[PDB]
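Heads up: the structure comes next, in structure tokens.
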Amino acid sequence: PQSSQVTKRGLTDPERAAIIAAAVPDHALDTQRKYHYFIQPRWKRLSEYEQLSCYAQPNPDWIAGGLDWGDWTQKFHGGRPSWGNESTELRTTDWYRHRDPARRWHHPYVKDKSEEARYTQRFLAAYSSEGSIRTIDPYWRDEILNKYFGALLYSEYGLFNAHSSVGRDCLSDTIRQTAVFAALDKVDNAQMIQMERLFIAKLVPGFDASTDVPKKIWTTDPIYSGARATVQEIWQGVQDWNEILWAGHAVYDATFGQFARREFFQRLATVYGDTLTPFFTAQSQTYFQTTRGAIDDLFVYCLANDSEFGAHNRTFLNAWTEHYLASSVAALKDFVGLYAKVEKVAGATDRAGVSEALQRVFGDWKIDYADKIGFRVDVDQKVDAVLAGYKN
Amino acid sequence: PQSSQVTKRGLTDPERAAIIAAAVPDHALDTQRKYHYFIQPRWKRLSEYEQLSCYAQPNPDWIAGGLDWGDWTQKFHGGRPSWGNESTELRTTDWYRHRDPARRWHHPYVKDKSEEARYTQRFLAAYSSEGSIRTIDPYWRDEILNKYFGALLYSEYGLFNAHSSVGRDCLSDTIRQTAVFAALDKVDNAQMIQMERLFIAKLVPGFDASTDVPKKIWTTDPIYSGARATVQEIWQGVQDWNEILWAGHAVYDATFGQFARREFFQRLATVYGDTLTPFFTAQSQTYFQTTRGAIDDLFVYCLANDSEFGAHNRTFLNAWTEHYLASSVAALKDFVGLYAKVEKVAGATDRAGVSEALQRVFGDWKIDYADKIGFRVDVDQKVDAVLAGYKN
Amino acid sequence: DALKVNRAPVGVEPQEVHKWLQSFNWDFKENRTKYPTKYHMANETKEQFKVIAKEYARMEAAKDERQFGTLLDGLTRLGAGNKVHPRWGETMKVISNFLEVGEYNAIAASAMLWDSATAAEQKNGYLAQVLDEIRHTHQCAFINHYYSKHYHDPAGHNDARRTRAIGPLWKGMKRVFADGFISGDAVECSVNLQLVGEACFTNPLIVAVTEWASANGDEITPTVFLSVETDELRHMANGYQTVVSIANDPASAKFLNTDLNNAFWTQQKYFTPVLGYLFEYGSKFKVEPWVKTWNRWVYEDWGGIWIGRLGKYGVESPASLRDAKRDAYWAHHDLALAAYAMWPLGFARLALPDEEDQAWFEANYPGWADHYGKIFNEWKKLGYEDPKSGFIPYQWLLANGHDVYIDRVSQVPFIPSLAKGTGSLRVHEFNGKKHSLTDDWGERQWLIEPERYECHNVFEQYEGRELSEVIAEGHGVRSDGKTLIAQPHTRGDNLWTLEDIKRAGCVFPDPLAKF
Amino acid sequence: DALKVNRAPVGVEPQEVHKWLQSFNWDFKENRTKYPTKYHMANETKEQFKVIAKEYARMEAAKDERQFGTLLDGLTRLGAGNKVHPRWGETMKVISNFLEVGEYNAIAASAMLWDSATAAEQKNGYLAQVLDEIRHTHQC
Amino acid sequence: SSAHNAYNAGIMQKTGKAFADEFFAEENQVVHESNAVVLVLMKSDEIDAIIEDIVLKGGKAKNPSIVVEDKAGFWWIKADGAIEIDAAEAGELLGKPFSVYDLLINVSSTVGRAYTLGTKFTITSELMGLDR
Amino acid sequence: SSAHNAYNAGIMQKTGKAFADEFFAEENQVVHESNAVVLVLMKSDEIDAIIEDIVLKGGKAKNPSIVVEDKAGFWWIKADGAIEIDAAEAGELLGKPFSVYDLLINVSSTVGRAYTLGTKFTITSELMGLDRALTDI
Amino acid sequence: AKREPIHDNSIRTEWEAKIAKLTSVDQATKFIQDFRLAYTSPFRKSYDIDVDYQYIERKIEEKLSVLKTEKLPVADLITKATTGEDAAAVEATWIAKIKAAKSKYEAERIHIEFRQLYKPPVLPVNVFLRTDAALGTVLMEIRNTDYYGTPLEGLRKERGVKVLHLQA
Ligand SMILES: [Fe+3]
Ligand SMILES: [Fe+3]
Ligand SMILES: [Fe+3]
């Protein structure tokens, strides 16, 4: 016997269920059963993704798209509004227009990453039981992978933190979800890189998975100087949340990050006999394309083509692209000095091989981003500029 | 208004819930709430795996371990029993002793494979979007991967079907689950190989993912002659269900299968710039190690060390091993003629590299299986026998 | 080498990665928070719940699968969505959607904490919280989404993200667990959102409420809300760590008690009356008196286990606590007068207390019958529920001198001539604008920080407008375009329409015109 | 080539793989059932529910998550397990455990059908059935 | 031990005027430090087994001040000092994989300082970082 | 036009001796070919939407012989000739991904010839492989 | 007396017509600054458009921003206020101003007036946000020094309210 009443459940207690049954009408009081039926659907039918996400942000009518009215109830000292137009240079007729093409609300998002979490541990338990690490090139394992792939976690980590002010400042619900899921994916990348290093340490005597050498390389090796300078700028040098998302994902990570993750570590793993790294880069590359889908919707579909502000927004996006492409080109020019440290493989690490990799990265970027905002770019000039850092 | 009664739920209908509440005793009628509490636990406490699986098979006491009594209610024409001791040469004091160390009942099994199913499609959607197929060696892709990795699906497929009589004939629940889960994993392997070929066909104009060339190679190329001969015997030449499981998983797939999947296709993919195949072999290799855990428990823990029949069973296991190792050595001797068709990479495809690969497979096998049943094997002799098929 | 390797099966556990996170940050000059803060103390704290991205997702997904299993399979097969007492299903329109904005603003608050944290582990911990508040936004949405599908009145469950903007109780909600969280000192969020909001008020708001739902036949909300609060363990732990940093630095500690007192008052000012009203008046079956719920969770357990224990380290019992306990006893009954009197501006159907409710109110709050009870009974006699009556109590209040004012700071309604809770009206003119303040704590906030508190109230926006016009314009109707979402009864017949409202001829005044 | 590729997002649907399953079988003299049967007719049929192993597991896992959510979360929180009339709760001791053996023997029966099928699609369909009867054994 | 940890302890036993009189007494206008902790467990198959076989046996034997109350959808637990649950002990009881992270799936609320250390979950009256 | 498809049609309306008399009538000691199909749908959020907005609207519009009965934990559906459910229509209705495989998650039983073809689930009285098609188109 | 509808009314429509006539960055900058001094903050000159000014301010912001992108060189969008001033100089000037403020009443008017004058699009967003944060820090610190030290009667006089009513 407990001090407090054991509450009878109205669903199952006969007396309360009978009282409830008498009170419930014999007919529905409206026929509109579509939750937030008034959302303008992006696709042929309203999605659960839209129903659960759209207009959760309580914006007033003086923030484009808001359905509320009046001033905020409490502002910052000085008068900065809870949310406001001063948070970004970009303008739109409706900040709610953005849609993640993956339609990720929280549940499909963690459902998918949970699959990856559990399968990863099963893969590692079997990979250690296979002994497949035995055929990896030791110099690649110890001198390139461990040290310079390790250092790359700091790029992923800085991009993750760049999202902290975006999570606070951005002006709509679907945008906030896009930004936060992108941030978790970035910090996941950094953790996954450290996880692979910690895993290799369990199989290779004398292999050191401390972050000490990676961090020294990230903070002082000229190979990462341009990259670290850019990440510091994107994360901590600006607060315009659209500038952060554009510079981070659509310029810096789409060029330097893609080259580092996909053209260097993932691709070179499959010439130096590394059967382990491809399992980890598969995850980061999948996240990149999912993130790109949403970033592309925000900046291309919505902002660069907003009926009233598209040209206006492209003016800013072009200025940002000019600045952060230079930074990323400088980052890549520094990074390609790393090829001087790798065994020469024809078509992969010689000048012709690096040139083709830079042509893929800059050519893809021209198609995926530059062309869509009207940013003119000479791909061969950007390739040639980076190759100036290549030691023949 | 429907023709039949709208049945009132006893859980929620006030009248029926009150009648049930009156009839339900005010105290439990026993305190033993552990489902099948009498199962002997393999680990510190009974697992849900054991509770749900153990003694589901209704064996009588004249099949070692059975808790029932008397003859079957209906037998085959002639008198073959529903299950019987005539189904295998091996003997035990209790057919129920086997435990899958992964403790897979149906739900965790499909839960895990569901993760892999969904993550695979996300990876492919992202991989096609990345364009990473662009750096694969074209000769490897078209002349080795497509044709000979394609052909390998028939090995996985025949091993899948070897389990059909095992699923009918084997003598306990935990063994039956192990066997069936092993079979689905093999046909999954064969399907995943085809899935990879169909995926490449969507990315490479002129790349033909028809099984016509793979099947022709499996059935007539001397490279697969020994392997196909072995799979045909294991699948359709015997019915002893322990012989099938042992020859299939612990001999043939542990030597030929491991070499082809892991040492040939997975390893050389990371020598020829193949960033796609490792994603698929990661699954087959995870499945192999999971299956091995369960196969190892059945034959080593239970059968080779059965308190009464361990030596008796090792006599058969040794004889089976002698025969199917000879088959698998011949299979491997035929298969290494495939190295004559690949671009020579030092330490991987030269005689020294192939030798070390054979030493891993035969050396690993001696530790994982031979040593555990007292099967004497000279690893260097088996390597030299296979290298007789290597074209210098 | 190439032949020999340890082939023991190993993976990498979450804590093995977590060990290295603190080293993921690096030093550079601009590596500091972008948000204004008074708090500049050392804050290299350790995370109490080691989580990495992969493990975060595994945990939450497992929580979800069980929750959605129960919702979409079991409870739907039981028809549980329409086994709810009408008063309670109407209450969940308000509770779930109002909490939703609290969850949504907590995303933003948590990002501020993430931005202002300096330790990589703390940034890692605040990201997990940011994701959780996203989960909670969608969970709250999912409740009303589910009710929209299975409950006998989907209107208002199905559109609160716009129809909430009509009514006055929504203004106060945008402060209590929204603007109050995100518009101010970022490091201070560990005091207002976490030490007060999460550690104090989510317990009655999210946990205790599940027992009221169950008593009234709602098994949907327990399934979701109890899952929501499982994430709160990490959030409270996050804030406590930063509070320890602040307590340990004398230069930061000199701000803590003031921020705590303001946070406590700001949140209780709205939470105490609004939730007490929703619990006691939006239920048929009552679990316990609201003031006992408040005493258990707020005063005794939160106040003793968090605040009383921290008193060993200079944290003071909030000076506003006495005023708060008066609110806990009477303020929700005061609020009920305003809620029932202004029912056409809401998006829920209300039920005057029946005879059994009235006896319950008077037994647990002696004096209720002679004050509030007499008023509700007179309104009923006047036709409160009857759409042909032409009677709306707000007009009746004005005709008897019972003016309704809105607090410029908290937006909470105040009827000084009928209130028994804490409050007294102060009306100031500043720079040609009149302002009504209702208590000593908000008045100080407004006097010191007038540019933070410029919120327009319903009377300023609707002045001189007829009630049915405001309601039509704000979409406060069912799909026939005529019948109001809001109702003064919970029966299926005799629903009010815009014409029924228009017949009463209710026009919004300027309550401060008389000063 | 090395620069130009279609980068449209594609995967491979289950029916795209299923199309090729019939070709997974190959001819050899001993490729015939091990069990006695009177029935020796041509039987190269197609399956009516196209499934491959990955899709099999996705479908069943989805079923399970909803079922076990209801049991372990909702119904347990309601105390539904002791809301049963004693007679019916007693009846389910028999119905569920007796059905369990029917499910368990259906595993073996389905394996026999798998063994005696000659079409790869039919063998694939009976394996899925074999797995289902394991599921049902564990469900009972 | 242990009536003071009941949900309806002390002033909560009183109703009507008697309750109001204590509620508004001068000495009750400031908070009073409590050495207690409150743990809320969401009812589920796993939690209910843990309540009956861990909290109410080894837990209450170790800490006899523990009080558990049935609150319809959750278990309300109050105790002096600390409450602890070892997920490794729970996994043995449940017969299935059960890390400390899985235990948290149905740990719904905490009034006190909560942390995990290894397989153990603890909520404590202690103020770590301030207490010695 | 559908009373014959009711769960309690015909002999099922009779009780006591009247039921026994027909049940044991000479002509009811052999089966009678029926052109019907029976589909059982496990009750769930998704299924209940499909019943209300597909089966009982467009479904019954195309096939007026459809009968749907509430059997507490499941829906019992009987119809002449065929019942069909397009998973693409259900996904449009539900607003979430919904292949034909997802539709089957709550398809509990079939009396008739059941198959999937694309996004559409069909149960039919037709004996595929035995019945010979009546058109070339 | 009688408010018009919330989101569509003659006050907003009339102001939108005024805004459409702006044709240069200089003109629209004086327009938005005059507007923000006249109609925003507790020190505004007039409450006559109280329920419309925030929407109207948005529309002026939009006109100024498009005019900036059509008419100004890209480098001006990054480094200059639309007053022509150097954005970095504006930042240092106003930070120094509030750090020299002798009371919370001086400091508050400096922060408020900075926003009235330089809120984007007048100042570049990145410069404005970090100046606003620096100003807000100083304002918060001075206001939260002895927050409860002045009685309400004294705060009312320091604020300069006309007290119209005190209950009981
Ligand atoms: Fe939350
Ligand atoms: Fe929270
Ligand atoms: Fe079955």
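Residue numbering restarts at 1 in every chain; chains get A, B, ... in the order shown in the structure tokens, and ligands count up from 1 in that same order.
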Which chain E residues are at most 12 Å from chain A (counting only C-alpha atoms), as a ChimeraX atom specification? /E:2-10,12-13,67-77
Hey, what's within 12 Å of residue 9 in chain F if we count only C-alpha atoms and toss same-chain stuff fewer than 2 positions away? As a list in words, please?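 Listed by chain and then number, they are residues 2, 3 and 4 of chain B; 2, 3, 4, 5, 6, 7, 11, 12, 13, 14, 67 and 78 of chain F.
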Please return, as a ChimeraX atom specification, all residues of chain D that DSSP assigns to helix (DSSP H, G or I) on the basis of the backbone. /D:14-18,21-24,53-77,80-82,86-116,120-139
Spatial neighbours of residue 87 in chain D, 10 Å, only C-alpha atoms, chain gap at least 5 places, as a list in words: residues 20, 23 and 24 of chain B; 92 of chain D
For the selection you just gave me, I'd like the residues written to a file as a short mmCIF file (atom, residue, chain, number, x, y, z; two decimals), in the first residue's frame, keeping N, CA and C atoms.
```
data_model
loop_
_atom_site.label_atom_id
_atom_site.label_comp_id
_atom_site.auth_asym_id
_atom_site.auth_seq_id
_atom_site.Cartn_x
_atom_site.Cartn_y
_atom_site.Cartn_z
N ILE B 20 -14.46 -9.93 -16.03
CA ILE B 20 -13.12 -10.50 -15.99
C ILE B 20 -12.43 -10.15 -14.68
N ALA B 23 -13.37 -12.44 -12.01
CA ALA B 23 -12.93 -13.81 -12.18
C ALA B 23 -11.44 -14.01 -11.97
N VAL B 24 -10.65 -12.94 -12.10
CA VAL B 24 -9.19 -13.02 -11.98
C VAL B 24 -8.81 -13.12 -10.51
N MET D 92 -4.87 -20.17 -23.88
CA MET D 92 -3.69 -19.77 -24.65
C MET D 92 -2.44 -20.56 -24.27
#
```
Within 9 Å of residue 261 in chain A using only C-alpha atoms, minus same-chain residues under 2 positions, as an mmCIF file with C-alpha atoms, in the first residue's frame:
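Written out: out.cif:
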```cif
data_model
loop_
_atom_site.group_PDB
_atom_site.id
_atom_site.type_symbol
_atom_site.label_atom_id
_atom_site.label_comp_id
_atom_site.auth_asym_id
_atom_site.auth_seq_id
_atom_site.Cartn_x
_atom_site.Cartn_y
_atom_site.Cartn_z
ATOM 1 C CA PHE A 149 43.520 11.007 -42.137
ATOM 2 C CA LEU A 152 41.308 15.413 -41.198
ATOM 3 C CA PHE A 256 38.514 20.470 -50.293
ATOM 4 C CA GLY A 257 36.505 18.026 -48.179
ATOM 5 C CA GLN A 258 35.429 15.924 -51.150
ATOM 6 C CA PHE A 259 38.981 15.867 -52.479
ATOM 7 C CA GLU A 263 40.012 11.501 -53.896
ATOM 8 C CA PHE A 264 42.802 11.106 -51.341
ATOM 9 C CA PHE A 265 41.906 8.815 -48.466
ATOM 10 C CA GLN A 266 39.107 6.717 -49.970
ATOM 11 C CA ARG A 267 40.576 6.378 -53.475
ATOM 12 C CA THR A 281 34.576 6.731 -46.052
ATOM 13 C CA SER A 284 31.070 10.132 -44.655
ATOM 14 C CA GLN A 285 30.383 10.162 -48.420
#
```
Residues up to 7 Å from ligand 2, counting only C-alpha atoms and all ligand atoms: could you list those as a PyMOL selection string? chain C and resi 106+129+133+198+231-232+235
Restricted to C-alpha atoms, what would the selected residues look like written as an mmCIF file, in the first residue's frame?
```
data_model
loop_
_atom_site.group_PDB
_atom_site.id
_atom_site.type_symbol
_atom_site.label_atom_id
_atom_site.label_comp_id
_atom_site.auth_asym_id
_atom_site.auth_seq_id
_atom_site.Cartn_x
_atom_site.Cartn_y
_atom_site.Cartn_z
ATOM 1 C CA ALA C 106 14.834 24.669 -26.657
ATOM 2 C CA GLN C 129 20.429 18.080 -26.449
ATOM 3 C CA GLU C 133 14.663 19.053 -28.620
ATOM 4 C CA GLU C 198 14.266 21.343 -17.345
ATOM 5 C CA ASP C 231 16.139 12.685 -22.845
ATOM 6 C CA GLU C 232 15.885 15.221 -19.979
ATOM 7 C CA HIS C 235 19.844 18.031 -20.336
#
```
Within 12 Å of ligand 3, counting only C-alpha atoms and all ligand atoms, residues as a PyMOL selection string: chain D and resi 96+99-110+128-140
Export of prior selection with N, CA and C atoms as a tab-separated table (two decimals), in the first residue's frame:
```tsv
chain	number	residue	atom	x	y	z
D	96	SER	N	-1.23	-21.52	-28.02
D	96	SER	CA	0.07	-21.00	-28.44
D	96	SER	C	1.14	-22.10	-28.45
D	99	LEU	N	0.27	-24.67	-31.36
D	99	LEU	CA	0.59	-24.04	-32.64
D	99	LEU	C	2.10	-23.95	-32.84
D	100	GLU	N	2.84	-23.65	-31.77
D	100	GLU	CA	4.30	-23.62	-31.84
D	100	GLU	C	4.85	-24.87	-32.52
D	101	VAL	N	4.35	-26.06	-32.16
D	101	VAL	CA	4.94	-27.24	-32.80
D	101	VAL	C	4.52	-27.31	-34.26
D	102	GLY	N	3.30	-26.88	-34.58
D	102	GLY	CA	2.91	-26.81	-35.98
D	102	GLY	C	3.80	-25.87	-36.77
D	103	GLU	N	4.06	-24.68	-36.22
D	103	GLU	CA	5.02	-23.77	-36.83
D	103	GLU	C	6.40	-24.43	-36.95
D	104	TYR	N	6.86	-25.11	-35.90
D	104	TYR	CA	8.19	-25.70	-35.93
D	104	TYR	C	8.29	-26.78	-37.00
D	105	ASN	N	7.31	-27.69	-37.07
D	105	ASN	CA	7.32	-28.69	-38.14
D	105	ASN	C	7.13	-28.05	-39.52
D	106	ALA	N	6.43	-26.91	-39.61
D	106	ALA	CA	6.31	-26.27	-40.92
D	106	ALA	C	7.67	-25.81	-41.42
D	107	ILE	N	8.62	-25.51	-40.52
D	107	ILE	CA	9.99	-25.24	-40.96
D	107	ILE	C	10.51	-26.42	-41.77
D	108	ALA	N	10.44	-27.61	-41.17
D	108	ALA	CA	10.97	-28.80	-41.84
D	108	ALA	C	10.18	-29.11	-43.10
D	109	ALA	N	8.85	-29.03	-43.04
D	109	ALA	CA	8.04	-29.24	-44.24
D	109	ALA	C	8.47	-28.29	-45.35
D	110	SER	N	8.61	-27.00	-45.02
D	110	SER	CA	8.99	-26.02	-46.03
D	110	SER	C	10.38	-26.31	-46.58
D	128	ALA	N	12.15	-18.41	-47.95
D	128	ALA	CA	11.42	-17.36	-47.24
D	128	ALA	C	10.37	-17.97	-46.34
D	129	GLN	N	9.64	-18.97	-46.84
D	129	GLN	CA	8.70	-19.67	-45.97
D	129	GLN	C	9.41	-20.35	-44.82
D	130	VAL	N	10.54	-21.03	-45.10
D	130	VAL	CA	11.32	-21.68	-44.02
D	130	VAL	C	11.63	-20.68	-42.92
D	131	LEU	N	12.07	-19.47	-43.30
D	131	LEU	CA	12.39	-18.44	-42.31
D	131	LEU	C	11.15	-18.00	-41.55
D	132	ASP	N	10.03	-17.82	-42.27
D	132	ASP	CA	8.78	-17.41	-41.64
D	132	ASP	C	8.35	-18.39	-40.55
D	133	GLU	N	8.48	-19.70	-40.80
D	133	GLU	CA	8.05	-20.65	-39.78
D	133	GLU	C	8.94	-20.62	-38.55
D	134	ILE	N	10.21	-20.25	-38.70
D	134	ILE	CA	11.05	-19.98	-37.53
D	134	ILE	C	10.51	-18.77	-36.79
D	135	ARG	N	10.20	-17.69	-37.53
D	135	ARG	CA	9.61	-16.51	-36.91
D	135	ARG	C	8.38	-16.88	-36.09
D	136	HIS	N	7.50	-17.70	-36.67
D	136	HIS	CA	6.25	-18.05	-36.00
D	136	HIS	C	6.50	-18.93	-34.78
D	137	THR	N	7.47	-19.84	-34.86
D	137	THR	CA	7.85	-20.62	-33.68
D	137	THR	C	8.20	-19.68	-32.54
D	138	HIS	N	9.03	-18.67	-32.83
D	138	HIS	CA	9.45	-17.73	-31.80
D	138	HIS	C	8.32	-16.81	-31.37
D	139	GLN	N	7.39	-16.51	-32.28
D	139	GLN	CA	6.25	-15.69	-31.91
D	139	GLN	C	5.33	-16.43	-30.95
D	140	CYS	N	5.03	-17.70	-31.25
D	140	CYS	CA	4.20	-18.48	-30.34
D	140	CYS	C	4.87	-18.62	-28.99
```
Counting only C-alpha atoms and all ligand atoms, what are the residues, protein, DNA or RNA alike, that approach ligand 1 to within 12 Å? I want them as an NGL selection string. :C and (96 or 99-110 or 128-140 or 177-178 or 193-194 or 197-199 or 201-203 or 205-207 or 224-236)
File of the preceding selection, C-alpha atoms, as a tab-separated table (two decimals), in the first residue's frame:
```
chain	number	residue	atom	x	y	z
C	96	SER	CA	0.90	19.31	-26.80
C	99	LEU	CA	4.89	22.38	-25.23
C	100	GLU	CA	5.89	21.91	-28.89
C	101	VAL	CA	6.98	25.56	-29.11
C	102	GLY	CA	8.85	25.12	-25.83
C	103	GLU	CA	10.62	22.13	-27.35
C	104	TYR	CA	11.25	24.07	-30.56
C	105	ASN	CA	12.79	27.07	-28.78
C	106	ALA	CA	14.83	24.67	-26.66
C	107	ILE	CA	16.57	23.59	-29.89
C	108	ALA	CA	17.73	27.17	-30.35
C	109	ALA	CA	18.60	27.65	-26.65
C	110	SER	CA	20.66	24.46	-26.70
C	128	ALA	CA	22.86	15.79	-28.26
C	129	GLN	CA	20.43	18.08	-26.45
C	130	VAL	CA	19.81	20.11	-29.64
C	131	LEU	CA	18.86	16.88	-31.41
C	132	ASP	CA	16.62	15.80	-28.51
C	133	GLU	CA	14.66	19.05	-28.62
C	134	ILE	CA	14.10	18.35	-32.31
C	135	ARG	CA	12.86	14.87	-31.38
C	136	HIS	CA	10.52	16.43	-28.81
C	137	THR	CA	9.16	18.96	-31.33
C	138	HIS	CA	8.18	16.10	-33.64
C	139	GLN	CA	6.83	13.99	-30.74
C	140	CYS	CA	4.54	16.81	-29.61
C	177	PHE	CA	9.52	28.46	-22.49
C	178	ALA	CA	10.50	30.35	-25.62
C	193	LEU	CA	16.31	26.65	-19.53
C	194	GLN	CA	18.09	23.91	-17.58
C	197	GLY	CA	13.05	24.91	-16.92
C	198	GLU	CA	14.27	21.34	-17.34
C	199	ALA	CA	15.14	20.47	-13.74
C	201	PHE	CA	8.99	22.47	-14.58
C	202	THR	CA	9.25	19.68	-17.16
C	203	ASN	CA	8.57	17.16	-14.38
C	205	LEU	CA	4.51	19.53	-17.32
C	206	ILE	CA	5.65	16.31	-19.04
C	207	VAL	CA	5.79	13.52	-16.44
C	224	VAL	CA	5.04	9.82	-26.02
C	225	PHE	CA	5.62	12.20	-23.08
C	226	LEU	CA	7.29	9.58	-20.90
C	227	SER	CA	9.65	8.93	-23.78
C	228	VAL	CA	10.25	12.67	-24.23
C	229	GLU	CA	11.42	13.05	-20.65
C	230	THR	CA	13.98	10.20	-20.90
C	231	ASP	CA	16.14	12.69	-22.84
C	232	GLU	CA	15.88	15.22	-19.98
C	233	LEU	CA	18.39	13.36	-17.78
C	234	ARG	CA	21.15	14.47	-20.12
C	235	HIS	CA	19.84	18.03	-20.34
C	236	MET	CA	19.66	18.61	-16.57
```
Find the spatial neighbours of residue 60 in chain F, counting only C-alpha atoms, within a cut-off of 12 Å - ignore same-chain residues fewer than 6 positions away - and output them as a list in words. residues 1, 2, 51, 52, 53, 54, 66, 67, 68, 77, 78, 79, 80, 82, 83, 84 and 85 of chain F
Interatomic distance between CA of residue 404 in chain C and CA of residue 435 in chain C?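 Pair CA of residue 404 in chain C / CA of residue 435 in chain C returns 13.5 Å.
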Please find the residues of chain B near chain D - the criterion being any atom within 7 Å, counting only C-alpha atoms - and write them as a PyMOL selection string. chain B and resi 11+20+23-24+52-53+56-57+106-107+110-111+113-114+117+121+124-126+128-131+134-135+154+157+164-165+167-168+184+188+191+194-195+199+203+211+236
